[PDB]
Each structure stands twice: as structure tokens, then as C-alpha cells.
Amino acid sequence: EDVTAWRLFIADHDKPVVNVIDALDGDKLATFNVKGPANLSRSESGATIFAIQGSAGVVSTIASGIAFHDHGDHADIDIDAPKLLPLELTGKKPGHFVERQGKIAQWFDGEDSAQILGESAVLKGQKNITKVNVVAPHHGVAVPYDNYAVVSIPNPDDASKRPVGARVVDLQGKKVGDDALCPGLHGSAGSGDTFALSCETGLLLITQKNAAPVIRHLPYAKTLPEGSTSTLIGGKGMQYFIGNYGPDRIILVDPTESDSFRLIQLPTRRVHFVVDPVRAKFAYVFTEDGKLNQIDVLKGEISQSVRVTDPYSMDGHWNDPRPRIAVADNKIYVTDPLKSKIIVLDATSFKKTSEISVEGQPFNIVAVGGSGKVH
């Protein structure tokens, strides 16, 4: 038969719980108790979910229960119950998580090393870690490559400031080549074979073929107004990045083209954004007015908006829970933490079709899934 399966993973803002919900009909598949409130990341394969618990000093790992086999003209889908895996990563203040092609790099803001591992080992229940020295504890990022990593460089005068650039290291932590300076580095995302790190002058763009990774700097277009990016997302089916650019602007970046940057002005301040992995021409931004906004990436504009929640005006209460967006199959999911629900929209009509009740303050959300044959 032919089976479609998608799952939501939803972290509570206050309680150390991750809920798993069937995205297609909203029923509860599992509740996992962890140590602290979590931020969530999925692997590219979708087979693992990582729950980063900064205040608890741990990263927990969940087997999503959905995995695929690439068989050319068809795909197979393997479906099992979601489960908490034995793999935990421990260290002071876990921060940015980056996974690509099964390679995993977990940053720890309070440690002098990042932890590199692999998804295939994790799924088998093996913990096989490489600790890579990052010189001094700082709020940084590590990007995993074949036999190398790219790591942020701590500010040499006060490591509590933002990092000052990035460098290639081998997996013994040995610097390779020259430092790529990028003052005020913060923000990271991948899109296809290109990884981006944002800073005050532009983006660092990283690729790897059959040698060490190569870092190039793309400065912000001179046609842009003053600003810089501190948070990034990356297209899935098409190569691009979207960054913030001040609190009510975003930029769209094409790393494959010379006419690289386009500015979109939002009517109110940005709460969250995500790309649509299924409909590659679209991304979504949620704004403080309570509206979900459809971004037409190729036209470089907001193509439509719809009210989903009451306003979450962020001026003055920057720390409180706010909506987060996920996409699964042909639906868009928006958490409404203050109402203990998730709003479900049809992606193409851009209208609400259902809502899912989730006790607590459902906050961070990621989705995995697809369809395949079952023989």
C-alpha cells in the first residue's frame, strides 16, 4: 500500500515536555518528559528530533518513527512509534544545533568544545562523540563537514561579546587556512549545498566538495538600507536564505546569483519565519499583529496575509511565549501558546481548516514526514 505520514513535535514553553502529534488528524502519539523546556530541531532525513534544553545542560534525542528509503522511481516509508533515544548530549548551556547529511554539531555556550556526532550511530543507540575545541566558551555555532568543521571565533578581548568570524578546523581542532572575519557573527542556516552565517557586514557562505570546506563572504547589497541579519532560514527545494534585517524587515538572498538581495518590509514586527519545504516558491512570516504572511520568494513580496491569533505585541515583553510556524504535507501549523492550541491552515488556500488542542503553552514546533510504499 501507499502510506502518508507526518508528525508534529511540540515543546512546551515552561514545562519540560515534548508532545508528538499526528499532523494529518491531530491525535496525540506521545508525550516525552525531559529535563528542561526545549528548543527543537529536526534532522534532514527527518528520522531524529533533537530537544535542546539550555537551562538543563542537556540535549535529548527522539526517534521520530518516520524514515524513508530512496529507491529511484519510488520511495519506501518505515513507520514506528516515536521514542526517546538513549543518546543525550551534556554540557553547560547547549545552544545552536546544526545537522546536515547525517553529520551533527551541537554547540555548548558554556563549554570550550562543541560536540560532533552522526545520526546513523545515534539511531542505533551509539554515542560516538568528537569534542572539537572552540578556544573559549562563547555564544557561537559549529557547522559539520566531512573531516572538518566550521566554527565561530570568540571575541579575543571579551568572549561574552558576539564572535568575530569563523574558521575551518579539522576534527582535532587544528585551524585550516585563514580566518574568515565577520564582525558580530550570529545567525545560521543551510540551503542545499550552501551554509550561511550572518554578521554585521554580510553573510559567510560555506560549501564543501572533495577538500576542506571553502568560506566566501557576501557583503550586504549596497542597495539595502542600514541593517544586518542575526537570524536565518534556508530554502529546501530551492536555494535561498531569508534573514531578519531589523525587527520589521526581512531580506531574501540568492547565494547562486549576483543580484543576491531583496528587502521586504513587514507591516509589524516579525515573530517567526519558516520556509515551505513542499512548495519551494513560498516561505511564511508570522508578525506581532497576529497575522501569518505568505512570502512569494521569486517575486520578492508578501503575496497575502491572514489573521491567525490575537496580537502578540512584543514591545516590552520580549521574553514571553509567542507563535511558531511549522509546515507538514499541505498544511501550515501555528502554535498559539496562550490559548493552548495549534491553528491548522490549508497551505494553498491560506485559510484555517482546523485547530488542535494541546494542554499547556505549546511553543516550539517542528514537523517531519512524507509518503512512501509499504510492501
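In case it trips you up, residue 1 is the first one in the sequence shown, and so on.
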Original post:
Which of the two stretches, 335 to 343 or 26 to 34, shows the higher mean Cα temperature factor in the record?
Top reply: 26 to 34
Subject >> Residue range whose averaged C-alpha B-factor is higher in the record, 55 to 63 or 308 to 316 >> reply: 308 to 316
Original post:
Highest Cα B-factor in the deposition, which of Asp76, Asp193, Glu301, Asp146?
Top reply: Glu301
Original post:
Whose CA atom has the top B-factor in the entry, of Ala121, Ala166, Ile206, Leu224?
Top reply: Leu224
**OP:** Would you please rank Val17 by its C-alpha temperature factor against the other modelled residues of its chain and give the third it falls in: lowest, middle or highest?
**Re:** highest
Original post:
Split the chain's modelled residues into thirds by Cα B-factor; is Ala5 in the lowest, middle or highest one?
Top reply: middle
Original post:
Comparing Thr348 with the other modelled residues of its chain, is its CA B-factor in the lowest, middle or highest third?
Top reply: highest
Subject >> Lowest, middle or highest third - CA B-factor, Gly290 >> reply: middle
Subject >> Ranked C-alpha temperature factor of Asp179 among modelled chain residues, by third >> reply: highest
